[PDB]
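Have a look at the structure below before the remarks.
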Amino acid sequence: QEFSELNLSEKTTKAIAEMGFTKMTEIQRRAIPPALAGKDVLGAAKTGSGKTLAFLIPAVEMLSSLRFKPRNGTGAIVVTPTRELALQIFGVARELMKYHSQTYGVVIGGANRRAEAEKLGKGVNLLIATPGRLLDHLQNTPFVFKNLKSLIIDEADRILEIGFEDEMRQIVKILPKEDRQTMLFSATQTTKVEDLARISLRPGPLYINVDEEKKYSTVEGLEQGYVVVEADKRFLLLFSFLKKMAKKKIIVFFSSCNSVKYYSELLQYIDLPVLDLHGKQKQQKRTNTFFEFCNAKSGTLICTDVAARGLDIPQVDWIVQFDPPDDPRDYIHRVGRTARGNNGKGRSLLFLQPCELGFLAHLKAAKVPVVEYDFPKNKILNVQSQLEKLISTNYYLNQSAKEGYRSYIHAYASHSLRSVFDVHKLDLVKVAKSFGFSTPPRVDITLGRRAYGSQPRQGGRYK
Amino acid sequence: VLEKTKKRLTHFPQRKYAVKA
Amino acid sequence: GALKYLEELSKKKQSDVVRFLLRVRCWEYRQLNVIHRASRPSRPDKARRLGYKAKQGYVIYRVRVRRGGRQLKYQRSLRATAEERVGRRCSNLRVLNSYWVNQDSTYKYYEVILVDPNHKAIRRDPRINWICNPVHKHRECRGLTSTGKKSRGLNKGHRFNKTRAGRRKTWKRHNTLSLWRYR
Amino acid sequence: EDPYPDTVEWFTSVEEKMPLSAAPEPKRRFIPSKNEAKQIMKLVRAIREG
Amino acid sequence: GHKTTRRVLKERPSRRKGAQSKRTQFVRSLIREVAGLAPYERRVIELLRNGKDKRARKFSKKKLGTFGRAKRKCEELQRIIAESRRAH
Amino acid sequence: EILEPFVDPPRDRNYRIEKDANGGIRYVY
Amino acid sequence: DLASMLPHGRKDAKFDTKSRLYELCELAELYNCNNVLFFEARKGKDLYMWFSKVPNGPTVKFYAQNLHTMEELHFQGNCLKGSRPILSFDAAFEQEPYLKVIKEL
Amino acid sequence: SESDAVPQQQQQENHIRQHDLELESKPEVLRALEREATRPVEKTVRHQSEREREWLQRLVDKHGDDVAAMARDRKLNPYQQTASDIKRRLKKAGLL
Amino acid sequence: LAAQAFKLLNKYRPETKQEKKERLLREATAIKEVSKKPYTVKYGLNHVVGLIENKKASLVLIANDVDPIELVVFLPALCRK
RNA sequence: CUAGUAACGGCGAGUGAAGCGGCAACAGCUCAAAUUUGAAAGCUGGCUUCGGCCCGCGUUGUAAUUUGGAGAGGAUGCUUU
């Protein structure tokens, strides 16, 4: 069974064919018709199994059938644990709703708070939101959420692990419950995701597992590379590594969609032939660029960590991790496996600052071996002078330089491993120096004894 | 008059109209 | 943004740097004339906020006024007495507004902004050509400045009922016997 | 009492690295001046007319 | 009284019409350090280092005029003493 | 001393706390 | 008139209504007083009298009515300022519980 | 039927046209007033300047129909204009 | 130090009203019948203190005789912060 | 009209409004707080064949943009002179 034979609207069907997706992946095939009927479902899928398309199809279909307008407010809420997974969901939702008249928007941590309230006040029908800033908007901002019809909880296990316990419970209290669809997607079935399910879902779920029980977690047959690199010289290391190890296969990882776009236009101005894979391209372009990479012999793909979870990495010689990784269990184990690539001799390295040497202690505690990689000072191609000249005189590449810098810092602060990676040991001057700036652009890092005779509040109206 | 009031009066002038009975 | 810094410094006017300046200026202003002239405003942020520009036709004058009672109290403010004394001196100019600059135990010091209605830079500019009209002759004598609007009770509310259109006009309205034809 | 004391820098002793303004720079700072391009073509029109 | 359906409103742009910008806090903190203290504020500072918090609070009441202004001035000056030893 | 492999390591008052007449929380200063 | 009959008390005025009721607790701790007699006026016409013990003790709300003070000339009586009173209470003050904690205040 | 109880939907028929309004046995003066109301009006189109078409003519001869390269070339696009703006400007000149 | 500062600063003097009018006359008559960013010394109080608030300034030189001294009295602390 | 109402008073003499409602007429705006900084773009004079020359004012701020039921900046595609 395929996308055509399930009866969709002509606006939904035409946008579906524009992406090139025809064949239903397994979770979409058996969870979209139950959600279209109106039954709440549970999903035990893995990130990148097409599950992002699995809840947006019933969400978009109900918006068009109920004929939502901006004055009716939010119809669907999709809760995503981190920023760049929400930015991927917002990317596919834009391709979905290209023929529709509904409105999509994104609420994320580190974004402009009072610009988002004006975005919400005008009317956003489909809202993808981080649970932290969702609760801030729900308690403080005036916008319509009284016509909500579906709630999506995407990677519910990752939401609980980050520490959004109290935010999840306060959200299900404030959002309306009567005649509401609910979806709960997760990977591992912990006890905490059971309490989240029993308080958000209707009393009869429709649960499906396809969770990969054959997790070949190897603790010995693995090897991880790492470079100690100064904060202001990380791009110069990436540039020198790519130009000297050119005519080879290299996959490089980043942390944000904005940084991938900025470094794509940088390397073309500096004349390195390199392929990019970020969220703002069309979906058909992404499959063409990945297929052209797989049946290539040499070259480089720039792609974020989040897009490469659901991506089947071909035989590559080098796996490059420029930014801190999203899930280090995902990182160390699986891309360490795909670095070996069955028979090939492939290696994977991790860029580390001197302020991130605590990752080594976690490596030694997990008993998985490491290999140092060192650089001479005469191999770094010092092109900082012409990089600063190009940023200071080109306005498009300056705009992408600010966006890549802000998206890197915001992702650094919203990291699970706060001990190894936190923003307060970064120096922003050297971080912006690598991004191409003389002076750092402004960012927000942050984004008992009580009163005498003060008793708790017995009652009253508060707002 | 000011430039900001000339730019307003150029593109949004007092139109002429009638209302039916 | 140098004037935002001046606005915060003017708020803090008993502090050490400003009280030093207010002491040495008061000594200088005392030994000058009563109705002498200022080439530049002593508070450029207050002059800017009140309508002064660095244009030909705008002048600044400094006045010392004697402080104290008239237990009868003079209902005219000391700013209103200051504004009336510039206009009787610079009879060709129009009093725009005034502001406080200094204080003593015997005198208060004000700086008054004047606009020349007969210059050509003033008549050409539609932001200040309203003062060229003959209705605005001697605004300080009719209580038409910010001091006069304060002392005449020209605010809105139940709190300013008797004086929100003029008390003499309201008293004339409330004491008039209105007789109609078909009574 | 010490009558007039020494000043301690409790705010300037720390140095912040970012500019205060987070507002985006306008494009006008990266391109040739449109205000002069108008002035040039006015001088062109006067020279064409003689 | 009458049952009418309520509307949500766009956010007032006159809300909090003071100055809550991060830039205006830089101007206020920089001017205080340049300007110094008033003579009355110097007395409250001296009592706060000596530990006479009650005498400093009562002195602020008599000088400023209301109790909430005494709380505000003593809080700002106590944060000045805290930031003074941080630089020290 | 990192016991678990890669999760975060785990990491006063002027009053007394006692219950009130409605079975809630009150304070003695 | 009441403060002329309590030598163990001190006067204050102009308390901000937009403040919190437990900042009255901070106020009396600052002035070293264990009781407060608070006069709250509504509309400029309605008086509400508060009695409390400042750190932890109970609090009573009243609504004052029919006020008459010493400046009226028909009273014709006088007592030594600050002299110790004879407090006279009622039988119903003694029996009933809520008035009995009021008599303590 | 109607799912969300909005009274605006019953009255219906994010930007609107701003300088005009699109509009869909009686006295003679009224009949005349609708006649000059709906009479055809001259377009009075606006042309590009001579330097503007020379600027575009220089651009198309170098690059061609690839609007992306005209956006990222400093010597013939000194004002650094977005490729969609030049594409719209080229359509007005007639060049593809 | 004054002479060495003014030796560098004289090299980056702004263009006066005469040679700016001639320079605009250059490009007008050439248009009848290609430039980089101009670099000049920046002046004006609100322009300069806007530049130092945005960390665009490299060196700031302040006069000692501003008749209302308040206009520059915050400048040494703002530059140092 | 409210209304001789509320409110104040040798509470005697007295004094004495306003919101609402019905009409008449209706119309909205300018600044200061921003860096034009890829170009003081602004303005008074007085010399002229008048077509455009200098002098001065002004950066301690003259134009443009903007004035908090707002706004700016990018992008965006229609609509206006």
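Here the Cβ is made from the backbone with ideal geometry for all residues, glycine too, and neighbour counts use every protein chain on show. Bear in mind that the values in this text are calculations on the coordinates, not laboratory data.
For chain G, what does the helix formula give at 222 nm: sum of -39500 (n - 2.57) over DSSP H segments with n ≥ 4, over the residue count, nearest 500 deg cm²/dmol?
Value at 222 nm, helices only, nearest 500: -5000 deg cm²/dmol.
Report, to the nearest 10°, how far helix E:22-35 tilts away from the longest principal axis of the Cα atoms in chain E, using its own Cα long axis and a range of 0 to 90°.
So the inclination is approximately 20 degrees.
Would you list, by chain and number, the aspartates and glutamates whose Cα falls below 12 Å from the Cα of E:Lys63, excluding same-chain residues fewer than 8 positions away?
Hits, sequence-local ones excluded: E:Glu41.
At 222 nm, what helix-only mean residue ellipticity would chain E give, in deg cm²/dmol to the nearest 500, using -39500 (n - 2.57) for each DSSP H run of four or more?
Per the formula, -22000 deg cm²/dmol.
Based on the Kirkwood radius over alpha-carbon pairs, what is the Stokes-Einstein translational diffusion coefficient of the protein assembly as shown at 37 °C with 0.692 mPa s viscosity, in µm²/s?
Translational D for this selection: 87 µm²/s.
Each residue of segment A:285-290 in turn: what ³J(HN,Hα) in whole Hz from Karplus with 6.51, -1.76, 1.60 and θ = phi - 60°, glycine and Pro shown as x?
Result, rounded to whole Hz: 5, 5, 5, 5, 6, 6.
Can you tally the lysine pairs in segment C:108-165 where the Cα-Cα distance is under 20 Å and the two residues are eight or more apart, or on different chains?
So the count works out to 6.
In terms of modelled amide H atoms, which long-range or inter-chain residues lie less than 5 Å from the amide H of G:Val36?
Close amide H contacts, sequence-distant or interchain: G:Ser52, G:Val54.
Mind checking segment A:148-201 for GluC sites (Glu not before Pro) that DSSP puts in a loop (not H, G, I, E or B) and that have at most 13 other Cβ atoms within 10 Å?
Sparse-neighbourhood loop GluC sites (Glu not before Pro): A:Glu178.
Once the Cα atoms of helix D:34-49 and of chain D are each reduced to a long axis, what angle between those two axes, in degrees from 0 to 90 to the nearest 10, is obtained?
30 degrees
Which whole number gives the average, over all residues in C:101-110, of C-beta atoms from other chains lying within 10 Å of the residue C-beta?
Average per residue, whole number: 0.
Dipole of chain E, Cα-centred, from +1 at each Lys and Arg C-beta and -1 at each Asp and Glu C-beta, to the nearest 20 debye?
560 debye
Which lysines have a Cα lying under 23 Å from the Cα of A:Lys177, excluding residues fewer than 8 positions away in the same chain?
Partners found: A:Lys39, A:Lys69, A:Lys146, A:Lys149, A:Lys192, A:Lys463.
Starting from the amide H of A:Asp422, placed 1.01 Å from N in the peptide plane, find each other amide H under 5 Å away whose residue is 5 or more places distant or on another chain.
Close amide H contacts, sequence-distant or interchain: none at all.
At 25 °C and 0.890 mPa s, what whole-number value in µm²/s does Stokes-Einstein give for the translational diffusion of segment A:227-312, with Rh from the Kirkwood sum over Cα pairs?
181 µm²/s
For chain G, what is the convex hull volume of its Cα atoms per residue in Å³?
146 Å³
With the cut-off at 20 Å, tell me which of the pairs A:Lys248/A:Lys345; A:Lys46/A:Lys367; D:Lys38/I:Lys17; A:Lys430/I:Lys55 have Cα atoms farther apart than that.
A:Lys46/A:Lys367
Can you pick out the pairs among A:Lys425/D:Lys27; A:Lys244/I:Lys36; E:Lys17/E:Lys58; D:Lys34/I:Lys42; E:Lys52/E:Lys73; E:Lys71/F:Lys19 whose Cα atoms lie more than 23 Å from each other?
Pairs exceeding 23 Å: A:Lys425/D:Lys27; A:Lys244/I:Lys36; E:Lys17/E:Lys58; E:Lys71/F:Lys19.
Work out the charge dipole of segment E:5-88 with +1 on the Cβ of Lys and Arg and -1 on the Cβ of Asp and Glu about the Cα centre, then indicate which of E:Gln78, E:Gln20, E:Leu37 is farthest towards its positive end.
E:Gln20
Write out the GluC sites (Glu not before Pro) in segment A:203-308 meeting two conditions: DSSP loop, and at most 15 other Cβ atoms within 10 Å of their Cβ.
Qualifying residues, ordered by number: A:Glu212, A:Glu213, A:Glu220, A:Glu223, A:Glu230.
Can you list residues from other chains, or at least 5 along the same chain, whose modelled amide H is less than 5 Å from the amide H of A:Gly299?
Under 5 Å from the amide H of A:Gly299: A:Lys247, A:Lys248, A:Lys249, A:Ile250.
Which ³J(HN,Hα) values in Hz, rounded to whole numbers, follow from the phi angles of segment A:217-224 under the Karplus curve 6.51 cos²θ - 1.76 cosθ + 1.60, where θ = phi - 60° and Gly and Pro get x?
6, 9, 9, 10, x, 7, 8, 10
State the antiparallel share, in %, of DSSP beta bridges confined to the protein assembly as shown, rounding to the nearest 5.
40 percent
Quote the charge dipole size of chain D about the Cα centre in Debye, to the nearest 20; the model charges only the Cβ of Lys and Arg (+1) and of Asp and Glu (-1).
Charge dipole of chain D: 1300 debye, to the nearest 20.
Taking each residue in D:2-9, count the Cβ atoms of any other chain within 10 Å of its Cβ, then average. What number comes out?
What the average comes to for D:2-9 is 4.
At 25 °C and a viscosity of 0.890 mPa s, what translational diffusion coefficient does Stokes-Einstein give for chain A, taking Rh as the Kirkwood radius over Cα pairs? Give it in µm²/s as a whole number.
D, rounded to a whole number, is 103 µm²/s.
Once every DSSP H run of n ≥ 4 in chain A is given -39500 (n - 2.57) and the sum is divided by its residues, what mean residue ellipticity at 222 nm do you get, rounded to the nearest 500 deg cm²/dmol?
The per-residue figure over chain A is -12000 deg cm²/dmol.
Mind checking which of C:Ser146, C:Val115, C:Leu96 is farthest towards the positive end of chain C's charge dipole, using Cβ charges of +1 (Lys, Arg) and -1 (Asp, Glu) about the Cα centre?
C:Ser146
Helix E:67-87 versus the longest principal axis of chain E: what is the Cα-based angle in degrees, 0 to 90, to the nearest 10?
60 degrees
Calculate one ³J(HN,Hα) per residue across segment E:8-15 by plugging θ = phi - 60° into the Karplus curve 6.51 cos²θ - 1.76 cosθ + 1.60, and present them in order as whole Hz with x for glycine and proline.
Once rounded to whole Hz, the list reads 7, 10, 5, 5, 4, x, 9, 5.
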